[PDB]
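Structure record follows, encoded as structure tokens.
Chains as they are written, first to last, in full-length UniProt numbering: chain A, 7 to 103; chain B, 7 to 100; chain C, 7 to 100; chain D, 7 to 103.
The following block contains the structure:
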């Protein structure tokens, strides 16, 4: 349901991690910045599992946005708001090439 | 939950209707831009009820931020995101 | 200046008109939602001219961020702010 | 020209400094997060001077926003975008009471 361009834009900037890591706040993260639930036992995932978690995270935020902005029907503005929150809400790491 | 200044900023611009009205995009709205649900059968409310609907609506935006920005610990940025979304997501009155 | 993915995201949604048209709020627009100035006398442009106007319009948003977020060194956040502002600030085509 | 409520909202959260300081990037800042120009010689300012710099910063961003969002006429959305940029664009400091 998200545009392929919105998904490519987030993947232009969000790195992929196939192994889980602790972020600055000590929470476990994996894939494209996916925060794991408290009981999750996995350490590694596949690229397809990471893609599914990214779609899960984007669609969850879309459903909850709908409920904050009930009259907002412009899908462009929904996607840009979601990409904005994704960029503010996820810690990324510096890369010197 | 929200600062009095954040709430006042939203009321400076949103504007109150104690009677329901059909806004520019065809939805029934009341209070401070609150979109009516089919279980909300009142077409006239008190200012206290208008404020309570506003806090529900801001809480809906807070739920979004708690789930999609779970590590945001900057209350100013939280509040500015909520005000921005309220301004884009609700239509103006008059 | 802007990533190809950021540009593609804006083109996925904005939509191209090689002919000028009066948008929903009454302004003359052309290309990818580019608002005409009185010195822009063409009413028909090439796709290359449409892309050049888009890069001017994104540069106007970049000038805003360079002056009002001068310490922002997160290109992703820069680009998401630019796309959000483009989506709120330009009307859709069809 | 900005609403008193927009100005009070930014002052609810942005602290006032009457003396200049170096931010994380080594730039000089004073007042309500006002970045000083390269040649400025002042070290201290008054609260009225800080207020004028805040209005200067808000109105500069308004003029440049106008030029990025030429069709945006809703003053509420202009003010919220400006407050958002102000909160993202300025470093603030932790206060334990």
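Built from N, CA and C at the ideal position, the CB exists for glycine as well.
CB of residue i within 8 angstroms of CB of residue j, strictly
| i | j | result |
| --- | --- | --- |
| residue 64(C) | residue 91(D) | no |
| residue 37(A) | residue 70(A) | no |
| residue 39(A) | residue 78(B) | no |
| residue 86(C) | residue 93(A) | yes |
| residue 11(D) | residue 97(B) | no |
| residue 84(A) | residue 62(A) | no |
| residue 73(C) | residue 66(D) | yes |
| residue 26(A) | residue 49(A) | yes |
| residue 32(C) | residue 99(C) | no |
| residue 14(B) | residue 89(D) | no |
Residue range of the alpha helix (DSSP H) that includes residue i
| i | result |
| --- | --- |
| residue 13(D) | 10-19 |
| residue 59(B) | 53-74 |
Residue i - partner residues in DSSP beta bridges
| i | result |
| --- | --- |
| residue 27(C) | 35(C) |
| residue 91(B) | Residue 91(B) pairs with nothing; no bridge assigned. |
| residue 40(C) | 36(C) |
| residue 82(B) | None, per the DSSP bridge assignment. |
| residue 50(C) | 25(C) |
Where residue i meets chain C, residues with beta-carbon distance less than 7 angstroms
| i | result |
| --- | --- |
| residue 87(A) | 90 |
| residue 15(A) | 11, 12, 15 |
Contact list for residue i against chain B, beta-carbon separation under 7 angstroms
| i | result |
| --- | --- |
| residue 31(A) | 77 |
Under 8 angstroms by beta carbon: chain D residues contacting residue i
| i | result |
| --- | --- |
| residue 98(B) | 80, 82 |
| residue 95(C) | 74, 75, 76, 77, 78 |
Interface partners of residue i on chain C, CB under 9 angstroms
| i | result |
| --- | --- |
| residue 101(A) | By Cβ distance, chain C contributes nothing, its closest Cβ being about 11 angstroms from residue 101(A), past 9 angstroms. |
8 angstroms Cβ cutoff, residue i in contact with chain G
| i | result |
| --- | --- |
| residue 55(D) | Within the model displayed, chain G is absent; protein chains A, B, C and D are what it includes. |
(request) Pull out every residue of the stretch 54-76 of chain C whose Cβ sits closer than 7 angstroms to any Cβ of chain D, in chain order. (result) Legend: CB atoms of the stretch 54-76 of chain C lying less than 7 angstroms from CB atoms of chain D belong to residues 66, 67, 69, 70, 73, 74, 75, 76.
(request) Taking only beta carbons into account, state which residues of the stretch 24-51 of chain B come closer than 8 angstroms to chain D, listed in chain order. (result) Answer in chain order: no residues at all.
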